[PDB]
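Line order of the protein sequences matches chains P and Z.
Using our numbering, the letters of the first sequence map in sequence onto residues 43 to 306.
Using our numbering, the letters of the second sequence map in sequence onto residues 43 to 306.
Note that CB positions come from ideal geometry on N, CA and C, so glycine has one too.
Read through the structure below, which is laid out as structure tokens, and then see the notes.
2 protein chains.
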Amino acid sequence: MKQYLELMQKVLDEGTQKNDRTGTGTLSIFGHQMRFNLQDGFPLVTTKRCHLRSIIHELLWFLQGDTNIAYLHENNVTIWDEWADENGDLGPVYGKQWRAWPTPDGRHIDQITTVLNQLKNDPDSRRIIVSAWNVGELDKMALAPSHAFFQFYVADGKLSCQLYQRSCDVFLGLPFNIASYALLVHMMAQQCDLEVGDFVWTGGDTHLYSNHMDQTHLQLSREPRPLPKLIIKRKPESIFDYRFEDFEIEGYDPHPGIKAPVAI
Amino acid sequence: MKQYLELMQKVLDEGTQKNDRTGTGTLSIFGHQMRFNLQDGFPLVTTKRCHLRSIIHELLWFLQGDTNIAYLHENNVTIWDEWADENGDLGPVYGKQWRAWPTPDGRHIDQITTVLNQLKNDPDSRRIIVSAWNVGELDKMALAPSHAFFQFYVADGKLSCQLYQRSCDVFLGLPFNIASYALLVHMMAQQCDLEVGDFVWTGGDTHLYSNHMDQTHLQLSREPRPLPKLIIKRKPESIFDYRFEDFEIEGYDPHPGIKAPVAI
Ligand SMILES: Nc1nc2c(c(=O)[nH]1)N1CN(c3ccc(C(=O)N[C@@H](CCC(=O)O)C(=O)O)cc3)C[C@H]1CN2
Ligand SMILES: Nc1nc2c(c(=O)[nH]1)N1CN(c3ccc(C(=O)N[C@@H](CCC(=O)O)C(=O)O)cc3)C[C@H]1CN2
Ligand SMILES: Cc1cn([C@H]2C[C@H](O)[C@H](COP(=O)(O)O)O2)c(=O)[nH]c1=O
Ligand SMILES: Cc1cn([C@H]2C[C@H](O)[C@H](COP(=O)(O)O)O2)c(=O)[nH]c1=O
Numbered sequence: 043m044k045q046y047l048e049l050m051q052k053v054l055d056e057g058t059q060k061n062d063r064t065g066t067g068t069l070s071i072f073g074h075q076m077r078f079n080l081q082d083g084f085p086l087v088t089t090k091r092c093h094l095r096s097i098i099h100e101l102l103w104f105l106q107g108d109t110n111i112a113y114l115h116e117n118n119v120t121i122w123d124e125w126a127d128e129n130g131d132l133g134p135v136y137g138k139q140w141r142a143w144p145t146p147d148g149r150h151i152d153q154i155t156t157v158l159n160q161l162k163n164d165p166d167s168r169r170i171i172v173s174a175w176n177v178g179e180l181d182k183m184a185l186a187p188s189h190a191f192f193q194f195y196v197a198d199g200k201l202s203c204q205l206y207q208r209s210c211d212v213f214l215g216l217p218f219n220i221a222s223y224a225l226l227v228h229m230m231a232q233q234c235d236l237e238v239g240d241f242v243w244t245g246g247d248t249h250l251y252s253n254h255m256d257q258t259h260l261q262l263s264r265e266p267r268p269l270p271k272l273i274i275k276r277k278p279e280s281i282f283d284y285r286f287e288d289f290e291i292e293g294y295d296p297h298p299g300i301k302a303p304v305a306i
Numbered sequence: 043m044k045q046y047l048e049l050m051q052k053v054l055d056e057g058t059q060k061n062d063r064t065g066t067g068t069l070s071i072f073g074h075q076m077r078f079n080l081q082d083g084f085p086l087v088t089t090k091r092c093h094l095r096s097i098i099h100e101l102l103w104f105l106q107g108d109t110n111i112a113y114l115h116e117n118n119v120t121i122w123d124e125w126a127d128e129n130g131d132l133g134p135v136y137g138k139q140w141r142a143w144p145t146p147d148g149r150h151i152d153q154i155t156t157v158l159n160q161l162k163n164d165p166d167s168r169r170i171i172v173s174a175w176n177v178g179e180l181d182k183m184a185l186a187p188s189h190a191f192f193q194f195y196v197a198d199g200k201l202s203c204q205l206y207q208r209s210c211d212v213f214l215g216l217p218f219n220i221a222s223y224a225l226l227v228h229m230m231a232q233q234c235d236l237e238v239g240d241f242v243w244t245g246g247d248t249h250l251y252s253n254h255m256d257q258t259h260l261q262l263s264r265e266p267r268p269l270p271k272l273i274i275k276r277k278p279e280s281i282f283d284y285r286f287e288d289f290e291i292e293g294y295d296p297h298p299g300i301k302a303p304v305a306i
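Shown next, in the form of structure tokens:
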């Protein structure tokens with residue numbers, strides 16, 4: 043996609059060399075923003091083939107509050123295997139914080155149900171927020187949350203969302219992250235009877251791994267194709283009742299996929 | 043400042059009318075970003091006179107972990123009076139979360155001391171984050187945190203910071219918020235022996251209150267003046283040991299101040 047290739051180029055031209063947690067080395071910029079008008083099409087990268095199966099199942103997994111990789115294996119998704127312990131556990135990452143954030147006084151807060159209540163009763167609210175950054179549980183998580191903090195906004199009958207992503211693997215992670223949140227905006231809007239508006243992506247440390255350089259040059263030589271359309275076939279009774287079958291991505295005709303190593 | 047007046051104009055030209063919590067009514071956009079290179083000067087608005095006394099004391103107050111307004115009154119600062127209860131308490135807002143975030147299992151996490159440790163031992167870390175958005179305590183806070191989430195970044199010997207502000211009163215709040223965080227970046231960099239880099243401001247619901255319209259037009263008629271310089275006179279032994287006296291703002295020569303009502 044145009045916005046995506048522009049970011050890749052900017053990281054190449056303006057990025058500084060930086061060591062990192064994984065010992066791989068990166069080219070990094072700090073602070074970037076881009077916007078996708080979801081009415082123009084579903085923002086799924088076309089300059090390389092993206093595995094939709096993994097994207098959709100990861101989101102449905104977050105929404106059930108699961109942090110164990112069994113559900114992903116049941117469905118042949120292996121994107122979280124490198125960080126799981128011997129029992130398949132990741133600790134209280136994304137899904138746990140979204141569905142059951144533990145309080146000091148012994149309760150669990152379901153942020154997703156709260157957001158639903160806000161959007162149906164107080165759509166003008168400026169506090170429609172989900173956070174995965176639970177400071178008290180960071181030390182139990184296999185990875186600190188990357189897509190950490192997100193806000194909904196309603197104007198003129200349209201639902202928008204902004205994600206703050208503190209750390210962004212531009213090649214491997216970002217195409218999944220944009221599609222994942224775009225899907226959520228479509229699900230939320232369907233459940234609340236709203237039209238879709240904008241997805242606004244904001245990044246902190248936004249980087250290319252040094253062993254993604256050839257794959258990056260290859261992809262930048264290719265021309266984006268038209269964006270596909272997302273069709274949701276059914277209105278489930280709740281946001282927690284979607285199924286893989288319910289989604290159709292029509293007119294997705296990407297360039298071939300490019301393999302690259304994940305930095306562990 | 044140029045970036046600031048450009049935002050004001052954009053909200054006037056592109057903002058949509060929106061009701062709000064306070065019943066005042068706003069013009070609102072969603073999602074905006076701007077960047078201040080702190081080496082070019084201290085980003086204190088010059089098209090209206092800003093009360094530096096209130097800005098500096100509010101920051102020193104956050105840093106001591108205080109959520110009671112007594113310290114502010116001691117120092118003739120009254121910017122938080124409308125939301126305090128009969129004993130001067132705001133609940134566990136900003137300062138409490140920064141200095142003593144309560145965990146489910148009974149501990150308190152001092153995020154500021156953690157950040158200091160990270161910047162001195164793991165400056166390349168992509169997890170150098172402070173959050174005020176403690177989901178488990180939101181219902182005890184007089185106001186949900188506006189400047190909610192911030193990240194530090196080190197590159198090439200320079201310290202940068204990005205703030206996510208979910209809700210931004212463009213006229214009254216933003217000039218204080220930009221100066222407040224810029225000050226913190228200068229304090230942090232001094233304590234860590236780094237040069238200052240960029241302050242990156244990101245906003246969610248970014249708005250003009252409807253009863254700030256005349257004051258907004260007045261300010262947009264004025265030409266920005268040169269940015270002042272910030273001098274820190276002393277290196278205290280720690281980030282918690284700064285005093286009002288320690289800061290000099292040299293060459294600040296603003297246009298007159300513009301009064302406007304605060305929406306409660
Ligand atoms: N350095 C780094 N670590 C990470 C992630 C990341 O993006 N970067 N993550 C984002 N998430 C993943 C995990 C794997 C793939 C991945 O390998 N995708 C490949 C293979 C696709 C497939 O196997 O189905 C690709 O698009 O070509 C895509 C997304 C999970 C999470 C795990 N930790
Ligand atoms: N709607 C709304 N509610 C708010 C804030 C806000 O910005 N907007 N807040 C940001 N913080 C304040 C509070 C008051 C002033 C203020 O009135 N400043 C005025 C008067 C200055 C002074 O009295 O010293 C000005 O710059 O002209 C400036 C910043 C605290 C917090 C309280 N709640
Ligand atoms: C889980 C996840 C990780 N990442 C990345 C960004 C970094 O490269 C990161 C983990 O390293 P970090 O915790 O040291 O930042 O993996 C994403 O880009 N998207 C994701 O969804
Ligand atoms: C405390 C604070 C509030 N505000 C604002 C933005 C909104 O106008 C807000 C409170 O309303 P909200 O919680 O309904 O968003 O006051 C700032 O802009 N900066 C600040 O530092």
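Quiz item: Relative to the C-alpha of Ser209 (chain P), which residue among P:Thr258, P:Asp55, P:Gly299 and P:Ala186 is closest?
Solution: P:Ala186
Exercise. Determine, using beta carbons only, whether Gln207 (chain Z) and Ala174 (chain Z) come nearer to each other than 8 Å.
Key: Contact: no.
Practice problem: Count the other C-beta atoms from every protein chain shown that fall within 10 angstroms of the C-beta of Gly137 (chain Z), then say buried if there are 16 or more, exposed otherwise. | Solution: buried
Quiz item: What's the C-alpha gap between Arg169 (chain P) and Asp256 (chain P)?
Solution: Roughly 43 Å between the two C-alpha positions.
Quiz item: Residues near ligand 1, CB to any non-hydrogen atom under 5 Å, in chain order?
Solution: P:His93, P:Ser96, P:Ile121, P:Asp211, P:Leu214, P:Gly215, P:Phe218, P:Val304 and P:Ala305
Quiz item: Any chance the region 57–66 of chain Z sits against the region 77–87 of chain P, with 3 or more Cβ pairs inside 8 Å?
Solution: No: the two stretches stay apart, fewer than three of their Cβ pairs being nearer than 8 Å.
Self-check item: Cβ pair count under 8 Å reaching 3, the region 280–290 of chain P against the region 218–231 of chain Z
Solution: As far as the Cβ criterion goes, the region 280–290 of chain P does not touch the region 218–231 of chain Z, which means the pair count is below three.
Quiz prompt | Selection from P:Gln261, P:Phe286 and P:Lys200 that minimises the alpha carbon distance to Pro278 (chain P) | solution = P:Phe286
Practice problem: Please decide whether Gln207 (chain Z) counts as near chain P, where near means a Cβ-Cβ distance under 8 Å. | Solution: no
Self-check item: CB contact below 8 Å: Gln204 (chain P) versus chain B
Solution: No chain B is present in this structure, whose protein chains are P and Z.
Quiz item: In terms of residue numbering, what span does the alpha helix (DSSP H) encompassing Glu116 (chain P) cover?
Solution: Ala112 to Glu116
Exercise. Check distances from the C-beta atoms of the region 149–166 of chain P to those of chain Z and list, in chain order, the residues that come in under 8 Å.
Key: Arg149, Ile151, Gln153 and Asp166
Exercise. Under 8 Å Cβ to Cβ from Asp166 (chain Z), same chain only, skipping five residues before and after it: list those, please.
Key: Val196
Self-check item: Members of the region 107–122 of chain P near chain Z, C-beta cut-off 9 Å
Solution: none
Quiz item: In whole angstroms, what is the alpha-carbon distance linking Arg149 (chain Z) and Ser188 (chain Z)?
Solution: 25 Å
Practice problem: Please list the segments of the beta strand (DSSP E) lying wholly inside the region 199–268 of chain P, counting only runs of 3 or more residues, in order along the chain. | Solution: 200–211 and 237–251
Quiz item: Can you list, in chain order, the residues of its chain whose CB lies under 8 Å from that of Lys271 (chain Z), leaving out five sequence neighbours each side?
Solution: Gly83, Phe84, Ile291, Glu292 and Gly293
Exercise. Check whether the region 210–221 of chain P touches the region 234–249 of chain P, counting contact only when three or more Cβ pairs, one atom from each stretch, lie closer than 8 Å.
Key: yes
Self-check item: Whole runs of the beta strand (DSSP E) within the region 131–197 of chain Z, excluding any shorter than 3 residues
Solution: As far as the region 131–197 of chain Z is concerned, its whole beta strand (DSSP E) runs of at least 3 residues are 171–173 and 189–197.
Quiz item: Looking only at its own chain, which residues have a Cβ that is under 8 Å from the Cβ of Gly199 (chain P), when we skip the five neighbours before and after it?
Solution: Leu236 and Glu237
Exercise. Kindly list the residues whose CB is nearer than 8 Å to the CB of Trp125 (chain Z), restricted to its own chain and excluding five residues on each side of it in sequence; keep chain order.
Key: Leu132, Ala184, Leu185 and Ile306
Quiz item: Using a threshold of 7 Å, is the CB atom of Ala142 (chain P) nearer than that to any non-hydrogen atom of ligand 4?
Solution: no
Quiz item: Which residues mark the beginning and the end of the alpha helix (DSSP H) in which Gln106 (chain Z) is found?
Solution: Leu94 to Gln106
Quiz item: Would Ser222 (chain Z) pass as a contact of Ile300 (chain Z) if the rule is Cβ separation under 8 Å?
Solution: no
Quiz item: Would the beta-carbon of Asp127 (chain P) fall within 8 Å of that of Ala142 (chain P)?
Solution: no
Quiz item: The alpha helix (DSSP H) with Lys44 (chain Z) in it runs from where to where?
Solution: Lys44 to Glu56
Practice problem: Select from P:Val242, P:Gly130, P:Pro303 and P:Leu114 the residue whose C-alpha is nearest the C-alpha of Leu101 (chain P). | Solution: P:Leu114
Quiz item: Should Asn253 (chain Z) be flagged as near chain P, meaning a C-beta pair shorter than 8 Å?
Solution: no
Quiz item: Span of the beta strand (DSSP E) holding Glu292 (chain Z)?
Solution: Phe289 to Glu292 is the span of the beta strand (DSSP E), which, as asked, contains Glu292 (chain Z).
Quiz item: Going along the chain, which residues of the region 169–183 of chain Z sit with their C-beta nearer than 7 Å to a C-beta in chain P?
Solution: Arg169, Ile171, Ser173, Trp175, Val177 and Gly178
Exercise. Mind checking the region 211–231 of chain P against chain Z and listing, in chain order, the residues whose C-beta falls within less than 8 Å of any C-beta there?
Key: none
Self-check item: Proximity winner among P:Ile220, P:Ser202 and P:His254, relative to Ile71 (chain Z) (alpha-carbon distances)
Solution: Checked all of P:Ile220, P:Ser202 and P:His254; the closest Cα to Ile71 (chain Z) is P:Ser202.
Quiz item: Got a sec: is the Cβ-Cβ distance from residue 320 (chain Z) to anything in chain P below 8 Å?
Solution: Because residue 320 (chain Z) is not part of the residues shown, which for chain Z are 43 to 306, the question remains open.
Practice problem: Rounded to whole angstroms, what's the CA-CA distance from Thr109 (chain Z) to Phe241 (chain Z)? Just pull it up for me. | Solution: Roughly 26 Å between the two C-alpha positions.
Quiz prompt | Within-8 Å CB hit, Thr244 (chain P) to chain Z | solution = yes
Exercise. For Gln193 (chain P), return the contacting residues in chain Z, with the cut-off set at a CB-CB distance below 7 Å.
Key: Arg208 and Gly246
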